[PDB]
């Protein structure tokens, strides 16, 4: 797993055309959203993560949480993003891990938002300038 963490003034998106044949089923409220003063977590699920979806997820939960605490962010947004890696995971496994992370973050007490997996999306973001406002992390299972 490769994650890009951006402390942002805001994030906003709108679902467009499907990017996959079997994308993530979404409700009407899911095709658009916005959060402010939020840690946006752009996530790229990799092939190696298929070795242990749960381990990778718990580790990602921990890392993202740790950074949210550092920048004092109460909001987190899970943004499916495949461009952080070329060694991508099977779509079904990517969705499962993205859900595990999303769910784990809410169980930790954060207000968490997310964008659907499998669709092209227009989106806007504003990255603060601070040293810790734009970080990347590599999380993998101990093989």
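Numbering follows the first chain given and starts at 1. We call the rigid core the largest set of C-alpha positions that still match within 1.5 Å between the two forms.
The stretch that strays farther, by root mean square C-alpha distance over structures and residues in 4 other deposited structures of this protein after a rigid core fit, is 22-30, when 80-88 is set against 22-30.
For the pair 21-29 and 118-126, the mean B factor over Cα atoms is greater in 21-29. Of the two segments examined, 32-40 and 92-100, it is 32-40 that shows the higher average Cα temperature factor in the deposited entry. Between the residues 70, 75, 57, 85, it is 70 that shows the highest Cα B-factor in the PDB record. Among the modelled residues of its chain, residue 5 has a C-alpha B-factor that falls in the lowest third according to the deposited record.
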